>>> print(open('my_file_4.txt').read())   # compact mmCIF, C-alpha atoms
# COMPACT_ATOMS: atom_id res chain seq x y z
CA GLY A 1 100.41 -95.22 -150.75
CA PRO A 2 97.32 -97.15 -151.90
CA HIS A 3 96.93 -98.13 -155.55
CA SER A 4 94.23 -99.23 -157.97
CA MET A 5 93.42 -100.42 -161.47
CA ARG A 6 90.09 -100.02 -163.24
CA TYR A 7 88.71 -100.76 -166.67
CA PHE A 8 85.67 -98.64 -167.55
CA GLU A 9 83.85 -100.17 -170.48
CA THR A 10 80.93 -98.75 -172.46
CA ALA A 11 78.74 -100.18 -175.20
CA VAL A 12 76.30 -97.77 -176.85
CA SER A 13 73.43 -98.39 -179.26
CA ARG A 14 71.55 -95.58 -181.02
CA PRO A 15 68.59 -96.00 -183.39
CA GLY A 16 70.63 -94.61 -186.31
CA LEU A 17 73.54 -97.01 -185.82
CA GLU A 18 73.57 -100.60 -187.02
CA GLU A 19 76.05 -101.87 -184.47
CA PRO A 20 76.98 -100.67 -180.98
CA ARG A 21 80.09 -98.66 -180.30
CA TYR A 22 82.40 -100.24 -177.72
CA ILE A 23 84.93 -98.24 -175.68
CA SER A 24 87.23 -99.57 -172.99
CA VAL A 25 89.34 -97.27 -170.82
CA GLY A 26 91.95 -98.59 -168.41
CA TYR A 27 93.11 -96.67 -165.34
CA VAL A 28 96.03 -97.00 -162.93
CA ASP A 29 95.76 -94.85 -159.78
CA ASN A 30 92.81 -93.03 -161.39
CA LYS A 31 94.68 -91.88 -164.50
CA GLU A 32 93.96 -93.29 -167.94
CA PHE A 33 96.72 -95.45 -169.39
CA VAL A 34 95.10 -97.51 -172.21
CA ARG A 35 92.07 -97.07 -174.43
CA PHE A 36 90.22 -99.17 -176.99
CA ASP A 37 87.58 -97.57 -179.23
CA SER A 38 85.69 -99.58 -181.87
CA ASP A 39 85.03 -96.36 -183.83
CA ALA A 40 88.74 -96.10 -184.71
CA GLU A 41 89.88 -96.90 -188.24
CA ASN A 42 91.81 -99.92 -186.94
CA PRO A 43 90.49 -100.60 -183.42
CA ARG A 44 93.11 -101.64 -180.89
CA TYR A 45 94.18 -100.96 -177.33
CA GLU A 46 96.38 -97.88 -177.46
CA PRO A 47 98.89 -96.51 -174.93
CA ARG A 48 97.61 -93.43 -173.16
CA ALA A 49 100.57 -92.61 -170.89
CA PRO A 50 104.19 -92.59 -172.11
CA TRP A 51 105.28 -95.20 -169.56
CA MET A 52 102.95 -97.72 -171.27
CA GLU A 53 104.91 -97.60 -174.55
CA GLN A 54 107.28 -99.92 -172.66
CA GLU A 55 104.96 -102.80 -173.60
CA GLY A 56 105.76 -104.81 -176.71
CA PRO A 57 103.61 -105.67 -179.72
CA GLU A 58 102.27 -108.95 -178.40
CA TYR A 59 100.94 -107.21 -175.29
CA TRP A 60 98.86 -104.91 -177.50
CA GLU A 61 97.87 -107.72 -179.84
CA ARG A 62 96.62 -109.84 -176.93
CA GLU A 63 94.74 -107.02 -175.19
CA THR A 64 93.28 -105.92 -178.53
CA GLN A 65 91.94 -109.39 -179.32
CA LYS A 66 90.37 -109.61 -175.86
CA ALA A 67 88.66 -106.27 -176.58
CA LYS A 68 87.27 -107.64 -179.83
CA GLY A 69 85.79 -110.48 -177.81
CA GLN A 70 84.36 -108.09 -175.21
CA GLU A 71 82.77 -106.02 -177.98
CA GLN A 72 80.80 -109.07 -179.13
CA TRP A 73 79.92 -109.93 -175.52
CA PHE A 74 78.46 -106.43 -175.07
CA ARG A 75 76.55 -106.68 -178.37
CA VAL A 76 74.86 -109.92 -177.33
CA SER A 77 74.31 -108.54 -173.83
CA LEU A 78 72.65 -105.38 -175.15
CA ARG A 79 70.40 -107.53 -177.30
CA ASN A 80 69.40 -109.72 -174.36
CA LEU A 81 68.73 -106.74 -172.08
CA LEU A 82 66.38 -105.24 -174.67
CA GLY A 83 64.17 -108.30 -174.25
CA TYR A 84 64.51 -108.47 -170.46
CA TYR A 85 63.08 -104.94 -170.16
CA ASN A 86 60.52 -105.40 -172.97
CA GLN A 87 62.04 -102.42 -174.74
CA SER A 88 61.14 -102.17 -178.36
CA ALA A 89 63.27 -101.26 -181.34
CA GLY A 90 64.16 -97.63 -181.95
CA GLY A 91 65.80 -96.21 -178.83
CA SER A 92 69.26 -95.47 -177.44
CA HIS A 93 70.69 -97.91 -174.91
CA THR A 94 73.86 -98.09 -172.81
CA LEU A 95 75.69 -100.87 -170.99
CA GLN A 96 78.51 -99.86 -168.66
CA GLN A 97 81.10 -101.80 -166.71
CA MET A 98 83.71 -100.96 -164.08
CA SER A 99 86.08 -103.64 -162.82
CA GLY A 100 89.44 -103.73 -161.15
CA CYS A 101 91.23 -104.02 -157.84
CA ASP A 102 92.25 -101.78 -154.93
CA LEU A 103 95.66 -102.22 -153.32
CA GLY A 104 96.71 -101.13 -149.86
CA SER A 105 99.97 -99.32 -149.19
CA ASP A 106 101.60 -102.74 -148.71
CA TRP A 107 100.55 -103.55 -152.33
CA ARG A 108 98.23 -106.32 -151.09
CA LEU A 109 94.68 -106.67 -152.46
CA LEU A 110 92.10 -104.72 -150.47
CA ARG A 111 89.07 -105.28 -152.69
CA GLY A 112 88.09 -106.28 -156.21
CA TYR A 113 85.26 -104.67 -158.18
CA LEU A 114 82.95 -105.79 -160.95
CA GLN A 115 79.79 -103.75 -161.53
CA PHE A 116 77.43 -103.20 -164.44
CA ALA A 117 74.89 -100.52 -165.27
CA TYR A 118 72.19 -100.50 -167.91
CA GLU A 119 70.83 -97.12 -169.03
CA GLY A 120 73.12 -95.55 -166.42
CA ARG A 121 71.54 -97.47 -163.52
CA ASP A 122 72.90 -100.29 -161.37
CA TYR A 123 72.19 -103.63 -163.02
CA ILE A 124 74.34 -106.33 -161.41
CA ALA A 125 77.54 -106.32 -159.35
CA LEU A 126 79.89 -108.90 -157.91
CA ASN A 127 79.74 -108.65 -154.11
CA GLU A 128 82.83 -108.02 -152.02
CA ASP A 129 83.12 -111.75 -151.29
CA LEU A 130 83.87 -112.27 -155.01
CA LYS A 131 81.48 -115.23 -154.85
CA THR A 132 77.93 -113.84 -154.82
CA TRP A 133 76.02 -111.38 -157.01
CA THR A 134 73.72 -108.48 -156.13
CA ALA A 135 71.04 -107.42 -158.62
CA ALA A 136 68.20 -105.01 -157.85
CA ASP A 137 65.99 -105.16 -160.94
CA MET A 138 63.52 -107.95 -161.49
CA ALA A 139 64.85 -108.14 -165.06
CA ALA A 140 68.38 -108.47 -163.64
CA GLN A 141 67.66 -111.73 -161.77
CA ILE A 142 67.67 -113.55 -165.12
CA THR A 143 71.36 -112.64 -165.50
CA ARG A 144 72.20 -113.46 -161.87
CA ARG A 145 70.74 -116.98 -162.17
CA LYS A 146 72.57 -117.59 -165.46
CA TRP A 147 75.84 -116.44 -163.96
CA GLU A 148 75.26 -118.45 -160.78
CA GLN A 149 74.54 -121.56 -162.87
CA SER A 150 77.64 -121.10 -165.02
CA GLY A 151 79.87 -120.36 -162.02
CA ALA A 152 81.10 -117.20 -163.77
CA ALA A 153 82.21 -115.51 -160.51
CA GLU A 154 84.92 -118.13 -159.94
CA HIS A 155 86.77 -116.90 -163.03
CA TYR A 156 86.25 -113.27 -161.95
CA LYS A 157 87.48 -113.91 -158.41
CA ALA A 158 90.60 -115.52 -159.90
CA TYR A 159 91.23 -112.46 -162.11
CA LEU A 160 90.63 -109.91 -159.36
CA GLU A 161 92.90 -111.73 -156.89
CA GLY A 162 95.40 -112.88 -159.52
CA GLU A 163 96.04 -111.09 -162.82
CA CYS A 164 94.56 -107.82 -161.61
CA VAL A 165 97.03 -107.64 -158.74
CA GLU A 166 99.95 -109.11 -160.66
CA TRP A 167 99.62 -106.79 -163.65
CA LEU A 168 98.93 -103.77 -161.44
CA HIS A 169 102.26 -104.53 -159.77
CA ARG A 170 103.92 -104.60 -163.20
CA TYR A 171 102.35 -101.25 -164.11
CA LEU A 172 103.28 -99.51 -160.85
CA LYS A 173 106.90 -100.52 -161.50
CA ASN A 174 106.96 -99.16 -165.03
CA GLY A 175 105.48 -95.81 -164.01
CA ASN A 176 107.23 -95.18 -160.70
CA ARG A 177 102.80 -87.49 -157.83
CA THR A 178 100.78 -84.79 -156.08
CA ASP A 179 100.63 -81.04 -156.65
CA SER A 180 99.57 -78.82 -153.79
CA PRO A 181 96.89 -76.14 -154.18
CA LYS A 182 97.92 -72.53 -154.67
CA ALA A 183 95.23 -70.40 -153.04
CA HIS A 184 94.21 -66.73 -153.07
CA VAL A 185 91.09 -64.70 -152.25
CA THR A 186 89.49 -62.27 -154.71
CA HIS A 187 87.21 -59.37 -153.78
CA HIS A 188 83.82 -58.83 -155.44
CA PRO A 189 81.10 -56.55 -153.95
CA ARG A 190 77.67 -58.11 -154.53
CA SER A 191 75.68 -55.11 -153.27
CA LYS A 192 76.16 -51.85 -151.47
CA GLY A 193 76.87 -52.99 -147.93
CA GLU A 194 77.91 -56.54 -148.90
CA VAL A 195 80.94 -58.18 -150.53
CA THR A 196 81.71 -61.64 -151.92
CA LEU A 197 85.05 -63.21 -151.01
CA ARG A 198 86.09 -65.91 -153.47
CA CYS A 199 88.70 -68.37 -152.23
CA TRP A 200 90.42 -70.02 -155.21
CA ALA A 201 92.53 -73.15 -155.28
CA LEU A 202 94.51 -73.78 -158.46
CA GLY A 203 97.06 -76.17 -159.90
CA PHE A 204 96.40 -79.13 -157.59
CA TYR A 205 96.48 -82.90 -158.11
CA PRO A 206 94.69 -85.23 -157.30
CA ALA A 207 91.29 -83.59 -157.75
CA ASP A 208 89.93 -84.24 -154.24
CA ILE A 209 89.96 -81.04 -152.19
CA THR A 210 87.91 -79.15 -149.63
CA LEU A 211 87.42 -75.41 -149.23
CA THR A 212 85.62 -73.88 -146.26
CA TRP A 213 84.94 -70.36 -145.02
CA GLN A 214 85.00 -69.59 -141.31
CA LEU A 215 83.47 -66.73 -139.33
CA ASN A 216 85.15 -66.44 -135.92
CA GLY A 217 86.01 -70.06 -135.82
CA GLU A 218 82.68 -70.96 -137.46
CA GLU A 219 82.21 -73.13 -140.53
CA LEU A 220 79.45 -71.80 -142.83
CA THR A 221 78.13 -74.82 -144.75
CA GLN A 222 74.92 -73.56 -146.27
CA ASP A 223 75.15 -69.85 -147.30
CA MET A 224 78.45 -70.63 -149.14
CA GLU A 225 78.52 -71.12 -152.93
CA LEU A 226 81.10 -73.29 -154.69
CA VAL A 227 81.89 -74.88 -158.05
CA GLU A 228 82.45 -78.54 -158.74
CA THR A 229 86.15 -79.29 -159.01
CA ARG A 230 87.10 -78.89 -162.64
CA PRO A 231 90.12 -79.85 -164.79
CA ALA A 232 92.41 -77.04 -165.91
CA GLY A 233 93.24 -79.32 -168.85
CA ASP A 234 96.97 -79.45 -168.05
CA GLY A 235 96.62 -82.33 -165.58
CA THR A 236 95.74 -80.13 -162.58
CA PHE A 237 92.37 -79.08 -161.17
CA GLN A 238 90.62 -76.01 -159.82
CA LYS A 239 87.95 -75.08 -157.30
CA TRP A 240 86.63 -71.99 -155.62
CA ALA A 241 84.26 -71.28 -152.74
CA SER A 242 82.72 -67.89 -152.02
CA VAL A 243 80.70 -66.18 -149.30
CA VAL A 244 78.96 -62.82 -148.86
CA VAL A 245 80.24 -60.56 -146.08
CA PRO A 246 79.51 -57.07 -144.73
CA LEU A 247 82.17 -54.66 -145.98
CA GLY A 248 84.97 -53.69 -143.60
CA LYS A 249 84.49 -57.04 -141.88
CA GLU A 250 86.48 -58.89 -144.58
CA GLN A 251 89.23 -59.47 -142.03
CA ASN A 252 87.00 -61.65 -139.82
CA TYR A 253 86.53 -64.18 -142.64
CA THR A 254 89.10 -66.94 -143.16
CA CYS A 255 89.21 -69.56 -145.91
CA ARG A 256 90.74 -72.98 -145.40
CA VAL A 257 92.05 -75.33 -148.08
CA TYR A 258 92.29 -79.09 -147.46
CA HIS A 259 94.25 -81.25 -149.90
CA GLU A 260 96.32 -84.41 -149.56
CA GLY A 261 99.47 -82.73 -150.91
CA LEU A 262 99.58 -80.08 -148.18
CA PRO A 263 101.80 -80.46 -145.08
CA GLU A 264 98.90 -78.89 -143.23
CA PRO A 265 95.69 -77.13 -144.32
CA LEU A 266 96.19 -73.61 -145.69
CA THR A 267 94.47 -70.70 -143.97
CA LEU A 268 94.16 -67.44 -145.88
CA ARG A 269 92.31 -64.14 -146.05
CA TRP A 270 91.59 -61.35 -148.48
CA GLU A 271 94.73 -59.24 -148.89
CA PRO A 272 94.30 -55.50 -149.75
CA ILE B 1 66.54 -92.16 -167.89
CA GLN B 2 68.14 -88.98 -169.15
CA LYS B 3 70.51 -86.88 -167.04
CA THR B 4 70.97 -83.18 -167.68
CA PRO B 5 74.49 -81.95 -168.50
CA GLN B 6 76.08 -79.60 -165.98
CA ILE B 7 78.33 -77.03 -167.63
CA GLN B 8 81.25 -74.88 -166.46
CA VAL B 9 83.12 -72.41 -168.67
CA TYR B 10 86.40 -71.11 -167.33
CA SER B 11 89.98 -70.33 -168.28
CA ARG B 12 92.96 -72.59 -167.66
CA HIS B 13 95.09 -69.72 -166.33
CA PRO B 14 94.01 -66.56 -164.45
CA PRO B 15 92.64 -64.35 -167.22
CA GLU B 16 94.49 -61.24 -168.36
CA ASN B 17 93.05 -59.07 -171.10
CA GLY B 18 95.16 -59.29 -174.25
CA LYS B 19 97.11 -62.32 -172.99
CA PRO B 20 96.76 -65.75 -174.65
CA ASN B 21 95.05 -68.42 -172.58
CA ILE B 22 92.92 -71.58 -172.81
CA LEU B 23 89.13 -71.51 -172.45
CA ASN B 24 87.49 -74.70 -171.10
CA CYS B 25 83.94 -76.01 -171.40
CA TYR B 26 83.57 -78.81 -168.87
CA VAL B 27 80.36 -80.86 -169.27
CA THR B 28 79.42 -83.43 -166.63
CA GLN B 29 76.66 -85.68 -165.28
CA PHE B 30 74.81 -86.45 -168.51
CA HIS B 31 73.33 -89.64 -169.89
CA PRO B 32 73.10 -90.97 -172.63
CA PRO B 33 76.72 -90.19 -173.69
CA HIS B 34 75.81 -88.75 -177.11
CA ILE B 35 76.17 -84.94 -176.87
CA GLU B 36 77.08 -81.88 -178.98
CA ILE B 37 79.25 -79.07 -177.61
CA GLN B 38 80.10 -75.75 -179.30
CA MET B 39 82.21 -72.84 -178.05
CA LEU B 40 81.38 -69.34 -179.23
CA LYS B 41 83.05 -65.96 -179.39
CA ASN B 42 80.63 -63.04 -179.79
CA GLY B 43 78.06 -65.60 -180.91
CA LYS B 44 80.31 -67.09 -183.60
CA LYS B 45 81.53 -70.69 -183.55
CA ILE B 46 85.23 -70.99 -182.70
CA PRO B 47 86.74 -73.04 -185.56
CA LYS B 48 89.15 -75.47 -183.88
CA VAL B 49 87.83 -76.82 -180.56
CA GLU B 50 89.62 -79.74 -178.94
CA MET B 51 87.45 -82.44 -177.43
CA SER B 52 88.43 -84.95 -174.75
CA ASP B 53 87.50 -88.62 -175.31
CA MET B 54 84.37 -90.28 -173.89
CA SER B 55 84.73 -91.06 -170.17
CA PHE B 56 82.44 -91.73 -167.22
CA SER B 57 82.70 -91.45 -163.45
CA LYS B 58 81.99 -93.92 -160.64
CA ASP B 59 78.34 -92.84 -160.46
CA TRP B 60 78.10 -93.92 -164.17
CA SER B 61 77.55 -90.38 -165.54
CA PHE B 62 79.57 -89.19 -168.52
CA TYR B 63 81.84 -86.19 -168.79
CA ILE B 64 83.82 -84.32 -171.43
CA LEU B 65 86.20 -81.34 -171.53
CA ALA B 66 86.15 -79.10 -174.59
CA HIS B 67 88.79 -76.43 -174.90
CA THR B 68 90.24 -73.86 -177.28
CA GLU B 69 92.82 -71.11 -177.39
CA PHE B 70 91.48 -67.65 -176.67
CA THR B 71 92.72 -64.20 -175.81
CA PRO B 72 90.26 -62.52 -173.43
CA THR B 73 89.39 -58.85 -173.76
CA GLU B 74 87.26 -56.44 -171.78
CA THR B 75 84.30 -56.69 -174.17
CA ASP B 76 84.35 -60.07 -176.01
CA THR B 77 81.75 -62.62 -174.90
CA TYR B 78 82.71 -66.31 -174.79
CA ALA B 79 80.11 -69.06 -174.38
CA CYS B 80 79.61 -72.82 -174.48
CA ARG B 81 76.46 -74.21 -176.12
CA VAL B 82 75.42 -77.79 -175.37
CA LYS B 83 72.76 -79.92 -177.09
CA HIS B 84 71.71 -83.15 -175.35
CA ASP B 85 68.55 -85.26 -175.53
CA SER B 86 67.73 -84.54 -171.87
CA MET B 87 66.95 -80.94 -172.92
CA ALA B 88 64.34 -79.58 -175.29
CA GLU B 89 66.54 -76.42 -175.82
CA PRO B 90 70.32 -76.16 -176.07
CA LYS B 91 71.84 -74.70 -172.91
CA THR B 92 74.39 -71.88 -173.14
CA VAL B 93 76.75 -70.97 -170.29
CA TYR B 94 78.64 -67.67 -170.68
CA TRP B 95 82.22 -67.20 -169.54
CA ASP B 96 82.58 -65.05 -166.42
CA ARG B 97 86.20 -64.08 -165.75
CA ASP B 98 85.50 -63.95 -161.99
CA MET B 99 84.24 -67.56 -161.82
CA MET C 1 95.25 -106.06 -168.23
CA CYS C 2 91.53 -106.05 -168.86
CA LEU C 3 89.13 -108.64 -167.60
CA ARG C 4 87.54 -111.18 -169.88
CA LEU C 5 83.87 -111.66 -169.26
CA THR C 6 82.59 -115.16 -169.94
CA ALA C 7 78.87 -115.80 -169.89
CA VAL C 8 76.74 -113.12 -171.57
CA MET C 9 74.03 -111.32 -169.60
>>> encode(input="my_file_4.txt", output="structure tokens")
Amino acid sequence: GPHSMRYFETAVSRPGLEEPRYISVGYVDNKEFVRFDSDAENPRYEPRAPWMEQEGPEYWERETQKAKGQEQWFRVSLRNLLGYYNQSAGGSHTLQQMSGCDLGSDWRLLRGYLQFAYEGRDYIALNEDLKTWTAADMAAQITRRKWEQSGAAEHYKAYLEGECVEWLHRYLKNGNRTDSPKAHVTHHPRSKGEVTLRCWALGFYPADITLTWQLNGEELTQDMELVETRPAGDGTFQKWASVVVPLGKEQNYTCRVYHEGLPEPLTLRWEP
Amino acid sequence: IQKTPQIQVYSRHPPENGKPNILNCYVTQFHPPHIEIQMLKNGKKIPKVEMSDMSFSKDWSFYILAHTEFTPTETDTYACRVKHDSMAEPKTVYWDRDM
Amino acid sequence: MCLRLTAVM
């Protein structure tokens, strides 16, 4: 199937902190596999999935020293952004980065990513051509011009097409899974003359899933309540969707569960 | 600007009274990432609460999972209390075994 | 393998 790598990086300043905290989290196929945190007693990239312990000490020493460089890059960048936005001393500020590459099922590069946010809002991103930058804010154009003048994107294009794909291939080798939903309906009467059917889906991975309720053969988009998909904490996820029905008519309501691990969608009903 | 934490409180496994289980407090969609999360039993802080590490989603918002061992009963109330700068008051979400 | 940013913002 398709594959990906991402590094999510955060630098955080708070008024009661002299220096920013820097965190970098690496992902392969949307699961964390390495993490660097400057708050640690001895900061270093650390393995976060057992298959990563395969890597030797000079891997970790090299990644760790890059992270120390990135930490300083974020510090300087947070200081410059403060001036760009005419923000004074004495607030909390955040710089975020996501970067990485998407691979098709043939393991070829589909797309590389490099995006930044300041205060949780889009600041500047490398466009899909890996050659030009998009920046919305007036304050952001200062960065775009600098990076255009320095030709920074050339180095980023080379990473996203080169090392990002090459090392992602190495990682997919070293760690060479879906779990299907298990579904049931629970019965809860909301009032006299009405009943809530709750369709649960439990124990599934990946997290993406869809639950619907159908009348005859009628999807009921509004009127139906749901929860955001949530981690069970064991690696799997959960969701439910519920709808209010006249009692006795429970049998004319069918729930459907859509998930990429299923041979076909599940259909189910309340079972006395 | 500040984004208001969304909170869910729910058990890892289908709850059975008297049977050990794991209670989760899942907090999403907040910004800035600084946040305080407490889990309560009958209004009392639960001593050891495990806390996932700082993470954020594609839309840039942060999320964290807090969790702790618990044994549900018919009458005990479990809650998650969250303090975040987007809110003038802490927000408490109470565990509902049906949700 | 994490990317190395060059020029600061």
>>> atom_distance(input="my_file_4.txt", atom1="CA of residue 1 in chain A", atom2="CA of residue 199 in chain A")
29.3 Å
>>> closest_residue(input="my_file_4.txt", among="B:68, B:92, B:61, B:55", to="residue 8 in chain A", atoms="all atoms listed in the file")
B:55
>>> residues_around(input="my_file_4.txt", residues="residue 172 in chain A", least_positions_apart="2", cutoff="12 Å", atoms="all atoms listed in the file", output="ChimeraX atom specification")
/A:1-5,27-29,33,51-52,103,107,165-170,174-176
>>> interface_residues(input="my_file_4.txt", of="chain B", to="chain A", cutoff="7 Å", atoms="all atoms listed in the file", output="ChimeraX atom specification")
/B:1,12,31,60-61
>>> closest_atom_pairs(input="my_file_4.txt", of="chain A", to="chain C", cutoff="8 Å", atoms="all atoms listed in the file", output="tab-separated table")
residue	atom	partner	partner_atom	distance
A:7	CA	C:2	CA	6.4
A:26	CA	C:2	CA	7.5
A:63	CA	C:1	CA	7.0
A:66	CA	C:4	CA	6.8
A:70	CA	C:4	CA	6.9
A:73	CA	C:8	CA	6.0
A:74	CA	C:8	CA	7.7
A:76	CA	C:8	CA	6.9
A:77	CA	C:9	CA	5.1
A:80	CA	C:9	CA	6.8
A:81	CA	C:9	CA	7.4
A:99	CA	C:3	CA	7.6
A:143	CA	C:9	CA	5.1
A:146	CA	C:9	CA	7.7
A:147	CA	C:7	CA	6.7
A:150	CA	C:7	CA	7.3
A:152	CA	C:7	CA	6.7
A:156	CA	C:3	CA	7.9
A:159	CA	C:3	CA	7.0
A:163	CA	C:1	CA	7.4
A:164	CA	C:1	CA	6.9
A:167	CA	C:1	CA	6.4
>>> closest_residue(input="my_file_4.txt", among="B:36, B:76, B:16, B:85", to="residue 64 in chain B", atoms="all atoms listed in the file")
B:36
>>> residues_around(input="my_file_4.txt", residues="residue 50 in chain B", least_positions_apart="4", cutoff="9 Å", atoms="all atoms listed in the file", output="VMD selection string")
chain B and resid 65 to 68
>>> atom_distance(input="my_file_4.txt", atom1="CA of residue 72 in chain B", atom2="CA of residue 19 in chain B")
6.9 Å
>>> atom_distance(input="my_file_4.txt", atom1="CA of residue 213 in chain A", atom2="CA of residue 246 in chain A")
14.4 Å
>>> residues_around(input="my_file_4.txt", residues="residue 77 in chain B", least_positions_apart="5", cutoff="10 Å", atoms="all atoms listed in the file", output="mmCIF file with C-alpha atoms, keeping the file's coordinate frame")
data_model
loop_
_atom_site.group_PDB
_atom_site.id
_atom_site.type_symbol
_atom_site.label_atom_id
_atom_site.label_comp_id
_atom_site.auth_asym_id
_atom_site.auth_seq_id
_atom_site.Cartn_x
_atom_site.Cartn_y
_atom_site.Cartn_z
ATOM 1 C CA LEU B 40 81.380 -69.340 -179.230
ATOM 2 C CA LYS B 41 83.050 -65.960 -179.390
ATOM 3 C CA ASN B 42 80.630 -63.040 -179.790
ATOM 4 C CA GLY B 43 78.060 -65.600 -180.910
ATOM 5 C CA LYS B 44 80.310 -67.090 -183.600
ATOM 6 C CA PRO B 72 90.260 -62.520 -173.430
ATOM 7 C CA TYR B 94 78.640 -67.670 -170.680
ATOM 8 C CA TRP B 95 82.220 -67.200 -169.540
ATOM 9 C CA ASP B 96 82.580 -65.050 -166.420
#
>>> residues_around(input="my_file_4.txt", residues="residue 125 in chain A", least_positions_apart="3", cutoff="9 Å", atoms="all atoms listed in the file", output="number ranges by chain")
A: 113-117, 122, 132-135
>>> residues_around(input="my_file_4.txt", residues="residue 153 in chain A", least_positions_apart="2", cutoff="8 Å", atoms="all atoms listed in the file", output="PDB file with C-alpha atoms, keeping the file's coordinate frame")
ATOM      1  CA  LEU A 126      79.890-108.900-157.910  1.00  0.00           C
ATOM      2  CA  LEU A 130      83.870-112.270-155.010  1.00  0.00           C
ATOM      3  CA  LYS A 131      81.480-115.230-154.850  1.00  0.00           C
ATOM      4  CA  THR A 132      77.930-113.840-154.820  1.00  0.00           C
ATOM      5  CA  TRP A 147      75.840-116.440-163.960  1.00  0.00           C
ATOM      6  CA  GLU A 148      75.260-118.450-160.780  1.00  0.00           C
ATOM      7  CA  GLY A 151      79.870-120.360-162.020  1.00  0.00           C
ATOM      8  CA  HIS A 155      86.770-116.900-163.030  1.00  0.00           C
ATOM      9  CA  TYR A 156      86.250-113.270-161.950  1.00  0.00           C
ATOM     10  CA  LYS A 157      87.480-113.910-158.410  1.00  0.00           C
TER      11      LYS A 157
END
>>> closest_residue(input="my_file_4.txt", among="B:75, B:88, B:54, B:97", to="residue 39 in chain A", atoms="all atoms listed in the file")
B:54
>>> build_atoms(input="my_file_4.txt", residues="range 217-228 of chain A", atoms="N, CA, C and O atoms", output="short mmCIF file (atom, residue, chain, number, x, y, z; two decimals), keeping the file's coordinate frame")
data_model
loop_
_atom_site.label_atom_id
_atom_site.label_comp_id
_atom_site.auth_asym_id
_atom_site.auth_seq_id
_atom_site.Cartn_x
_atom_site.Cartn_y
_atom_site.Cartn_z
N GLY A 217 85.47 -68.74 -135.75
CA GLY A 217 86.01 -70.06 -135.82
C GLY A 217 84.74 -70.85 -136.09
O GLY A 217 84.49 -71.85 -135.45
N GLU A 218 83.96 -70.39 -137.06
CA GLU A 218 82.68 -70.96 -137.46
C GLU A 218 82.46 -71.37 -138.92
O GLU A 218 82.20 -70.56 -139.77
N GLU A 219 82.50 -72.65 -139.19
CA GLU A 219 82.21 -73.13 -140.53
C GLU A 219 80.81 -72.72 -140.97
O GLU A 219 79.86 -72.74 -140.17
N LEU A 220 80.67 -72.36 -142.24
CA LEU A 220 79.45 -71.80 -142.83
C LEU A 220 79.02 -72.69 -144.00
O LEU A 220 79.28 -72.34 -145.16
N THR A 221 78.36 -73.82 -143.71
CA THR A 221 78.13 -74.82 -144.75
C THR A 221 77.09 -74.34 -145.77
O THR A 221 77.44 -73.96 -146.89
N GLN A 222 75.81 -74.31 -145.39
CA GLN A 222 74.92 -73.56 -146.27
C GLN A 222 75.32 -72.09 -146.17
O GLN A 222 76.08 -71.72 -145.27
N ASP A 223 74.79 -71.26 -147.08
CA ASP A 223 75.15 -69.85 -147.30
C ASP A 223 76.35 -69.71 -148.24
O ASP A 223 76.45 -68.70 -148.94
N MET A 224 77.25 -70.69 -148.31
CA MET A 224 78.45 -70.63 -149.14
C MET A 224 78.21 -71.27 -150.50
O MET A 224 77.74 -72.42 -150.56
N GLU A 225 78.57 -70.57 -151.58
CA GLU A 225 78.52 -71.12 -152.93
C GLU A 225 79.89 -71.64 -153.35
O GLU A 225 80.93 -71.13 -152.94
N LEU A 226 79.88 -72.67 -154.20
CA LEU A 226 81.10 -73.29 -154.69
C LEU A 226 80.88 -73.74 -156.13
O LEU A 226 79.77 -73.71 -156.65
N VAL A 227 81.97 -74.18 -156.77
CA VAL A 227 81.89 -74.88 -158.05
C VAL A 227 82.36 -76.31 -157.84
O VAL A 227 83.13 -76.60 -156.92
N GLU A 228 81.87 -77.21 -158.68
CA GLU A 228 82.45 -78.54 -158.74
C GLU A 228 83.90 -78.44 -159.20
O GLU A 228 84.22 -77.63 -160.07
#
